[PDB]
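S.K.: Before we start, here is the structure in question, set down as structure tokens.
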Amino acid sequence: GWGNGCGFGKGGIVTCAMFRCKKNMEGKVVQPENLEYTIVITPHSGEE
Amino acid sequence: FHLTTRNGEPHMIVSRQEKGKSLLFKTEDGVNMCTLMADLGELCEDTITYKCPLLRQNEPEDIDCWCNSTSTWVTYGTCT
């Protein structure tokens, strides 16, 4: 309206702010394949 | 603005570049000063037309157009 520079009624307004992520989390998908098993094969000798 | 008439009464065709400025036009009864406070935009097909009442020492209420010497009709477009 007149109080803020217009010749009264609703006007269009838009506001933007830069968004900066500071801490995120991530979810991953584990495929049955590409899984890696570690196996130890030890000789039963009794050595010390 | 273009000054014409509507049934003997003065009529103002107000264009976009007049938004915010006092509207003055001479009349037998002295100089008339209408005040336009209107959605006033560019003159186009979407016009609106209505009356600006005479207001003598009274504050305006529920209106955005008024003159102080002789009631006047006003017309302007809303386009942008």
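S.K.: Picking from A:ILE13, B:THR5, B:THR78, whose Cα lies most toward the positive end of the charge dipole for the protein assembly as shown (charges on Cβ: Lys, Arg +1; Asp, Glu -1)?
M.R.: B:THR5
S.K.: Using a Cα-Cα cut-off of under 30 Å, which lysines could be cross-linked to B:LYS21, ignoring same-chain neighbours fewer than 8 residues away?
M.R.: A:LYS10, B:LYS51
S.K.: I need B:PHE25, B:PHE1 ordered by Cβ neighbour count within 10 Å, fewest first. Before the final figure, lay out each step's value.
M.R.: On the way: B:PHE25 16, B:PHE1 20.
Lowest to highest Cβ neighbour count: B:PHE25, B:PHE1.
S.K.: Moving to a separate point now. How big is the dipole moment of chain B about its Cα centre under a simple scheme where the beta carbon of each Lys and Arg is +1, that of each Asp and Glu is -1, and everything else is neutral? Debye, nearest 20, please.
M.R.: Working: 7 positive and 12 negative charges, 57 e Å.
The dipole of chain B has a size of about 280 debye.
S.K.: A follow-up question, please. Could you put B:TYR76, B:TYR50, A:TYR37 in order, starting from the residue whose Cβ has the fewest other Cβ atoms within 10 Å?
M.R.: If I rank by nearby Cβ atoms, fewest first, I get A:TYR37, B:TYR50, B:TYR76.
S.K.: Here's something else I'd like to know. Evaluate the charge dipole of chain A about its Cα centre and quote only its size in Debye, nearest 20, assuming +1 on the Cβ of each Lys and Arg and -1 on the Cβ of each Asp and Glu.
M.R.: On the way: 5 positive and 5 negative charges, 194 e Å.
With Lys and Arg at +1 and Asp and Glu at -1, about 940 debye.
S.K.: Follow-up. Running Debye on chain A with equal point scatterers at the Cα sites and no solvent, what base-10 log of I(q)/I(0) appears at q = 0.21, 0.31 Å⁻¹?
M.R.: Reported log10 I(q)/I(0), two decimals: -0.95, -1.18.
S.K.: Can I ask one more? How large is the Rg to Rh ratio of region B:5-80 when both quantities use alpha carbon positions and Rh follows Kirkwood? Mind showing how you got there, number by number?
M.R.: Numbers: Rg = 12.1 Å, Rh = 12.7 Å.
Expressed as Rg/Rh, it is 0.95.
S.K.: Would you mind ranking B:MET33, A:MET25 by Cβ crowding within 10 Å, fewest neighbours first? Numbers along the way, then the final one.
M.R.: On the way: B:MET33 14, A:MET25 4.
Fewest to most other Cβ atoms nearby, the residues stand as A:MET25, B:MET33.
For neighbour counting, all protein chains shown are included, and Cβ atoms are generated from backbone atoms with ideal geometry for every residue, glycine included. Read the figures in this text as sums done on the coordinates, not as results from a lab.
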